[PDB]
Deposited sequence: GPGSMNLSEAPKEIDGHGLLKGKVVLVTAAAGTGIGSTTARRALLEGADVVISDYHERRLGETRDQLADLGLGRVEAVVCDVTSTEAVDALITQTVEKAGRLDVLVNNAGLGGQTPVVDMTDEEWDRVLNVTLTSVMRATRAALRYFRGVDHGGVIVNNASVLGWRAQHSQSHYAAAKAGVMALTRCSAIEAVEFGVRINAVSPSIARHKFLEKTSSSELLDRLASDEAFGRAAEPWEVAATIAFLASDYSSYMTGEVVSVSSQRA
């Protein structure tokens, strides 16, 4: 029965021994749900957020599961210096980086006629520029090693959808899809694949459970998506 919220599946070893860094991972949300999935799949995890108290509580909750290593690094993704320090501390604490999941993003609800420059710029900075910062810091690191890796960006159906009062967030998210495509071509040189998931915001008569989005992230992080780069996977809007 597809209309009933399904139970989160077990791990299947998809990421065993990989170090996975996930942003916007404080408290309930796709970020923490993705960190948990990575742990379920046998990974060591580094979680990051601007919000220090809830990041710490999230780290403790993940550690309690008694799976692999869990580290937390504070990072304001609007700061280049902090995003560069995020990658450096990740490698310091966990020995390497294998997978980056770029979740950080900021929504809103404002028609173009009422749009302020301050909100427009903030949404782009948090939702789109942050992905660039973290991809830049990650690729610099991957260029310097031989084992390569994977990045997974989290876009949104709003990148495709015509939606009243969502022009900021939609433009930032369409921006993320294009950045995913173009950085993927560049990333081949460093042995890195880059793809994105695009969550819907419904065919089953229900919304996705967070775990279902994280499960598709895990696929794009895993060797099951070996040949895919520069792709954007709708979860789930029947994207044509």
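Sequence ranges 1-5, 207-227 have no coordinates in this entry (deposited sequence, numbered from 1, C-alpha basis).
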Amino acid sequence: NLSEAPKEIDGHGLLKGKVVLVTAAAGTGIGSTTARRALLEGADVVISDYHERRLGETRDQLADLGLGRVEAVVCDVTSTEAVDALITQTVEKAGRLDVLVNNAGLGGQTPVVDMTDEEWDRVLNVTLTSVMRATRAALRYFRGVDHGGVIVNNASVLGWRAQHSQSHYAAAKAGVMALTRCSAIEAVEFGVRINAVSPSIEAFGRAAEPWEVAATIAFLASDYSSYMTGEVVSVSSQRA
From here on, numbers count along this sequence of modelled residues.
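Relative to one another, 230-238 and 1-9 have unequal mean CA B-factors, and 1-9 is the one with the higher figure.
Across the two stretches, 114-122 and 134-142, the PDB entry reports the greater mean Cα temperature factor for 114-122. As recorded in the entry, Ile201 carries the highest CA temperature factor of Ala187, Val45, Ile201, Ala174.
Among the modelled residues of its chain, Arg69 has a C-alpha B-factor that falls in the middle third according to the deposited record. Per-chain ranking of the deposited C-alpha B factor places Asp98 in the lowest third. Per the PDB record, residue ranking by Cα B-factor puts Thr127 in the middle third of the chain.
Sorting the modelled residues of the chain by their CA temperature factor places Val83 in the middle third.
Ranked by Cα temperature factor within the chain, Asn154 sits in the lowest third according to the deposited record.
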